[PDB]
Amino acid sequence: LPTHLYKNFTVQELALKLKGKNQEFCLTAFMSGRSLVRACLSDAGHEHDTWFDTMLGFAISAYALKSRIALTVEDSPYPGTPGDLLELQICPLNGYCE
Amino acid sequence: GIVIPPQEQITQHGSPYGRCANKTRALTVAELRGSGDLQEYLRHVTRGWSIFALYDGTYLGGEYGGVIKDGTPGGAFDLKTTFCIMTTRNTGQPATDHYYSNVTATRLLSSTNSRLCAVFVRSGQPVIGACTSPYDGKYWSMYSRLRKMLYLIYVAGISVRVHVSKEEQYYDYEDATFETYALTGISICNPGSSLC
Amino acid sequence: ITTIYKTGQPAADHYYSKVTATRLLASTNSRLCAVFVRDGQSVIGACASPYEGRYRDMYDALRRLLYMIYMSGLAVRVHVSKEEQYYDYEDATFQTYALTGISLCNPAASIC
Amino acid sequence: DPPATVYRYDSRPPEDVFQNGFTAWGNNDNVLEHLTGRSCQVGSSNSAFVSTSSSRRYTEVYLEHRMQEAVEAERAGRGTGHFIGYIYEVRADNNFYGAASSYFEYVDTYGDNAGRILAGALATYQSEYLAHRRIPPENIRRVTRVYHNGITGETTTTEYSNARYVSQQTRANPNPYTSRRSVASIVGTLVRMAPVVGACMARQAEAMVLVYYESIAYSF
Amino acid sequence: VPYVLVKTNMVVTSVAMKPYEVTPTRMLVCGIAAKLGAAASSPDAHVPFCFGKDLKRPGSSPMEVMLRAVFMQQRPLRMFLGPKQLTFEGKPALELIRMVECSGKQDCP
Amino acid sequence: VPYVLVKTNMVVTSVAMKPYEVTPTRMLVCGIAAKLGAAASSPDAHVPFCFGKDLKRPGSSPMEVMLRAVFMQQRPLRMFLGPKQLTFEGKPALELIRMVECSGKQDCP
Amino acid sequence: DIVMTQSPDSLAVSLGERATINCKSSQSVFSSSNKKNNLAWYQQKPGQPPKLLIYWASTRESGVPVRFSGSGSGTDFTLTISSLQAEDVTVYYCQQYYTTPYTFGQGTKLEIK
Amino acid sequence: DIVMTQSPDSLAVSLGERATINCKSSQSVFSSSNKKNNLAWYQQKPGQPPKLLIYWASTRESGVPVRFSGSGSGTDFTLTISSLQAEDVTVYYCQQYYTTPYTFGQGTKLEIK
Amino acid sequence: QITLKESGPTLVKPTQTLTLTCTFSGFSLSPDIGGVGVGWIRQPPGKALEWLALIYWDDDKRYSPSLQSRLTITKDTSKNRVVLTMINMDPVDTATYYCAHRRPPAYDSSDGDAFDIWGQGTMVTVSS
Amino acid sequence: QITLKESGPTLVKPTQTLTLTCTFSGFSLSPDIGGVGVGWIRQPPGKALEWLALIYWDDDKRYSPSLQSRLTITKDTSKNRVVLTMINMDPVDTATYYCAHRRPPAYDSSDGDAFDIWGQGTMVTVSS
């Protein structure tokens, strides 16, 4: 399972969508010269769970604060498909993660 | 220039004291004025020397001819009966997703046991309207997510791209130059981006 | 010791105005508390838990206002029911009760 | 009761402030833009009010917050970790006005929709005062220099006395400043996080990230 | 008997929450709103309003989100307050049933 | 001996959230907190903490509201950590069971 | 058991002469919590019940004309009618509400010269 | 419908001075919801499908040499290369996409004297 | 708009018990509404104003030290009526009996405030 | 990489039907994705470019005004192919036929972006 940890990133694009019946919200992270990192989450049996909404609200909080972010992503085998983000971290305000 | 409610969007029985029922709202003068079907129906249902209540005026049916007289918002709600429109239409169209980009959220709407609405504008002029409810509609499970985006895109003044679904058309707003549909998503759009 | 006590006071609506919410306190299966302070001195303590208590079902509404008036030090009139006594804060020069209402005070509305 | 002293933060050395003092960035007399942050933005910094505060503890907590900023920068390896900061005790002559009083006068005279609630909340929380167009060095009386060493983690605080201070009996203005109606499109009160600090006082202290206060005032 | 009153050009100046007397299942989200340009002595400049929040359904109703946002940005809005009056800080307050933001002088005379 | 750890004058600097692998309806809210003014050699200049959250009942726990409030305000805390440990960034982190805001100099030297 | 006392039970008045009615007390009426000293002043026209004029030492009641002012602290207070008319020559009572055996004053009867 | 009236039959150019291809549209290709003119310019290399150059009467798409650039408003549009290279000599087409009887242009070939 | 009521007799014989009732018209003496209390004040003809008893919203009755164990004060909460009865009347108890509504404090709930709104008076003459 | 290859029969006899399919490579025509559309465009060997039909993601099918009577465009999203059939095949034809990709518009979906990516084309021939 190839997963990536991207740190000192900030999110510029944040989209709320409808993937078939289920939901997905995709975010884009931007470093000074590194490549853009796109990732998003989906409701796979989480129709009654609140994990999706909690993580969406956390992504909103990170976006509004314009903070650096540490995001872990699992990548699709097929190029062109944004990966799935598993863990999100807000770095210290007006600061950079370790 | 005003999105006119259809004939089937009208209450079988009126509302007392000007308190239109939940999920319903009072019809304005202009919407009734430019709709022949609504006038024919109200003529067919109104008898005698009776005046009924509208959002921004009075309806004088029966022997009066059926005239619509303008007024002040909420001014004539004291009358016994008020004409109200259910604020949703079931158009019947399938699950297709349409978008309008670069827009900003203004003119919020709210009601009891009904849906929260917002007007998305571009270059100032209104582009679309959209709504979401936790109570009724196919997109009820949509509400607990969308509103958060909406609040942010309202308080931070960000231009987004709005997804609407036309299966349900809403008549919440009064004298709307803009069509209103079920909100489906919000996208912070970088020009020519994939996530848009 | 038990931070929850049934002294047994009757149902009454008490209040304290011109206070600011600082010094929060959280435990795991316990209350969202806040010290209300006026003119540099503490006035009363209030708490809110959605697991235990009579006023449980309003916690989801109170947590979103207190946070507001904690993010910005707005002057408020808090309301309190003295059914229950809370000993959550240690060495407190004031007593803690249950939170049953917050009013963003308006002098024209005779709140603060 | 207007105060007899205000307190300002800066990074400008005492050998520079004692001679030159504090000068305003621009020539705009609008109170609302100053309290929101429009006149203290990147590329539109035109505020005519030099920002001070009537509470020393606010400047102290700002200094300690910046100190932790420097230490956290050390942890990432992206900074040097030392810190040097100056708190100037400035006697409040009849050129300093209250932020909260001026904002409330503005809202009273120009409508409630003319300004946000969070602007006034920030003004009251900051004890901010606005001096007009400059601060003469003869108005500065003392400086406190605070130095943090990253290697040892020991803070040294020293008190230096200005040699050009002239003792006078002066009080800050009981009247507030009357500004014309803001024409710029204010979206929300720009603040700097950690802790909530106005755009002006944070930027006039010295890229810096400014967040709209409302956008994070209510939880998501 | 009080009925629906539509109040125009009004800004929310205070927000509050309290329990409902009849049942613990609901609660009143109340507030104080003031006209634009009205005198301080006028009663339209100190209107108390309330609406219910159902505690059996978790979340924040469409009225709560808009009330919070409009309080934050201090925007004029037309409210359908009435017909019922509920107690609030010792005074009657009209029930809130619909409320839409103001767009200009065409809809908010 | 595993006992409740009292940490004084601590400011939370980073907050993060991750899925609890043990239970599909649990979640971990973790973070990094630091001692105000402590040097990098001090062990308290960087401490990780964690606490679980139930994914069935909607709403934010009392602890989470404060983890958010005293984050963006960076104001000192006294945290009762432990005695168990969770995982965060690979490293073990002390479980958080209680957080109080520092009253002043007397309780937080 | 705070005994309250009002100065002259009979005060000569000319129509416009600034009336000075002072009122003492056995103990303080100053509450630490609200930082106000709990004193009120009441009018009394023939027959009519008492009408509040001043409360919270000086904080005038809504609807009271701006002539009646209060001043003082601790144990000495003064009500001053900066301008007197034909109706304000009545019986005035200084009441305390610090602790709750509630006490009044003897009363001051403003007559004319 | 909207009918193009591409003006020159074919203009003979050398590999010096840049070319000038003019285009017309009957009523209007202007939108009011996007405030964007609706024109596309097409390079027809013989034997291969046409290639897209310009949106909105100005916007060069992607990877297209900066040589080509167009401008226009209302009724008359124009494409202009910056320096005529070898591959330039081909056929060139217009396309309004404002209504949906999509109507292309008659085309203009580019020669070399 | 708060207005009280008097509704009592005017000829109570000695050693009997009188009854004076206030029917208020715009404030609530409810446990769930805070601050509001009702107080009683008499005025012997010529003499000053003394305060008899006060009933609180959460049913904490506060009596005058001197004539304490001769007075009773009760309310009907929902029925907006507060009755005061005092036993063993004496012809030195002649007075104009008002009841006033005590405003809720603006800084606390357990605080003091003046009797801003008063009722009117009965003219209990305790004759013989 | 967007691509659409026009597969079909080259030779056609007069008064017959010609069935052509575009098999896409890099986009879907599902009603989930807005903006997308596939058109059919033919060019006789030595004349201008012509437009035939437009199929959208919402199964909205527009036709040439002067050919709507003899055109039927259909879309198998599941099979990912746009099929055009043409009856009453006359010699005025024998053009080259390319599909295209009607790109999603920049702002709205009730607008039109030009066909960026085309197909190579296919040779039809009407002769006896």
Check your understanding: Which whole-angstrom value gives the distance between the alpha carbon centres of the stretch D:86-145 and the stretch B:16-62?
Key -> 56
Check your understanding: For chain H, modelled as a Gaussian network with Cα springs under 10 Å, which listed residue fluctuates most, H:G70, H:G47, H:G16?
Key -> H:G47
**Study point:** Exposure rule at most 12 other beta-carbon atoms within 10 Å, DSSP loop trypsin sites (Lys or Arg not before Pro): chain J longest free segment
**Key:** J:80-128
Revision key, fill the gap. Exposed-loop cut sites defined as chymotrypsin sites (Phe, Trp or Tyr not before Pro) in DSSP loop states with at most 16 other Cβ within 10 angstrom; longest site-free run of chain C spans C:1-50
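Take the alpha-carbon positions of the stretch H:10-112, form their convex hull, and give its projected area averaged over all directions (one quarter of the hull surface) in nm².
Result: 6.7 nm².
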**Study point:** Inter-part distance where the stretch D:163-181 and the stretch I:20-39 are each reduced to a Cα centre, Å
**Key:** 51
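Computed FRET efficiency, Cβ-Cβ of H:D9 and B:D175, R0 35 Å: what is it to the nearest 0.05? The partial results should precede the final answer.
Numbers: r = 54 Å, r/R0 = 1.54.
It comes out at approximately 0.05.
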Practice item. Return the calculated 222 nm mean residue ellipticity for chain F, to the nearest 500 deg cm²/dmol, obtained by summing -39500 (n - 2.57) across DSSP H runs with n ≥ 4 and dividing by the residue count. Key: -3000 deg cm²/dmol
Practice item. Give, as ranges by residue number, the residues of the stretch I:1-21 whose backbone N falls under 20 Å from the point 7 Å along Cα→Cβ of I:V92. Key: I:12-18
Check your understanding: Of all chymotrypsin sites (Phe, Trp or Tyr not before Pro) in the stretch F:1-69, which ones are in loop regions per DSSP and have a Cβ with at most 12 other Cβ atoms within 10 Å?
Key -> F:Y3
Review point. So what's chain C giving for Rg/Rh, alpha carbon basis, Kirkwood Rh from the mean inverse pair distance?
Key: 0.94
Study note, to complete from the structure: Taking only the alpha-carbon atoms of chain A, the convex hull volume per residue, in cubic angstrom, is 111
Exercise for review: Express the C-alpha Rg of the stretch I:20-118 as a ratio against the empirical globular expectation 2.2 N^0.38 Å, rounded to two decimals.
Suggested key: 1.07
Review point. Could you state the principal axis extents of the C-alpha atoms in the stretch B:98-138, from the largest down, to the nearest angstrom?
Key: 33, 21, 9
Revision key, fill the gap. At the level of C-alpha centres, the distance separating the stretch H:71-113 and the stretch E:27-66, in angstrom, is 61
Study note, to complete from the structure: FRET efficiency for D:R134 and D:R78 from the Cβ-Cβ distance with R0 = 41 Å, rounded to 0.05, comes out at 0.70
Practice item. For chain E, just give the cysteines left without a disulfide-compatible partner, judged by no other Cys Cβ under 4.7 Å. Key: none
**Study point:** Convex hull (Cα only) mean projected area of chain D, reported in nm² to one decimal
**Key:** 13.1
Exercise for review: For helix B:143-155, report the angle its Cα long axis makes with the longest principal axis of the Cα atoms of chain B; keep it between 0 and 90° and round to the nearest 10°.
Suggested key: 80
Check your understanding: Among J:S66, B:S187, which comes first, then next, by fewest other beta-carbon atoms within 10 Å?
Key -> J:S66, B:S187
Practice item. Would you compute, for the Cα atoms of the stretch B:1-119, the largest minus smallest coordinate along each principal axis and list the three values in descending order, in whole Å? Key: 50, 27, 26
Check your understanding: Given the alpha-carbon gyration tensor of the protein assembly as shown, what are the semi-axes of its equivalent ellipsoid in whole angstrom, ordered largest first, with each equal to the square root of 5 times an eigenvalue?
Key -> 68, 40, 30
Point to revise | Relative contact order [Cα under 8 Å, 6+ residues apart], the stretch H:7-113, whole percent | key: 35
Practice item. Over the Cα atoms of chain E, compute the convex hull volume and normalise it per residue, giving Å³. Key: 108
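Counting other Cβ atoms within 10 Å of each Cβ, which GluC sites (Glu not before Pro) in the stretch E:18-109 have at most 14 and sit in a DSSP loop?
Sites meeting the loop and neighbour criteria: E:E21.
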Study note, to complete from the structure: In the stretch C:33-112, the GluC sites (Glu not before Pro) that sit in a DSSP loop and have at most 15 other Cβ atoms within 10 Å of their own Cβ are C:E52, C:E90
Exercise for review: Run the numbers on chain I and let me know its relative contact order in percent, using alpha-carbon pairs under 8 Å that are six or more apart.
Suggested key: 34
Review point. Taking Cα atoms, how many degrees apart are the long axis of helix C:59-71 and the longest axis of chain C, rounded to 10 and kept between 0 and 90?
Key: 50
Practice item. Equivalent ellipsoid semi-axes for the stretch D:158-220, as square roots of 5 times the alpha carbon gyration tensor eigenvalues: give them largest first, rounded to whole Å. Key: 33, 21, 12
Revision key, fill the gap. Any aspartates and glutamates whose Cα falls less than 20 Å from that of G:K24, other than same-chain ones fewer than 8 residues away, would be G:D1, G:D9, G:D76, I:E50, I:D113
Study note, to complete from the structure: The relative contact order of the stretch B:1-86, taking Cα pairs under 8 Å that sit 6 or more residues apart, comes to a percentage of 40
Revision key, fill the gap. Taking Cα atoms, the helix A:51-65 axis meets the longest principal axis of chain A at an angle in degrees (rounded to 10) of 30
Check your understanding: Top mean-square fluctuation among H:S58, H:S31, H:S73, Gaussian network model of chain H, C-alpha springs under 10 Å?
Key -> H:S31
Review point. Quick one: what do you get for the stretch C:49-93 if you divide its Cα Rg by 2.2 N^0.38 Å?
Key: 1.33
Practice item. Starting from the coordinates of the alpha-carbon atoms of the stretch B:97-196, obtain the Kirkwood hydrodynamic radius over all distinct pairs and give the value in Å to one decimal. Key: 13.4
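Please go through the residue pairs B:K166/F:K53; A:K21/E:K84; B:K80/G:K51; C:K6/F:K18; C:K18/E:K84 and name each one whose alpha carbons sit more than 32 Å apart in this structure.
B:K166/F:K53; A:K21/E:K84; B:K80/G:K51; C:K6/F:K18
Partner chain Cβ atoms within 10 Å, averaged over the residues of B:9-19 - can you pull that number for me?
Other-chain Cβ atoms within 10 Å of each residue's Cβ, averaged: 2.
In this analysis, Cβ positions are derived from the backbone assuming ideal geometry, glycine residues included, and neighbour counts consider all displayed protein chains. Values in this text are rule-based calculations from the coordinates and carry no lab data.
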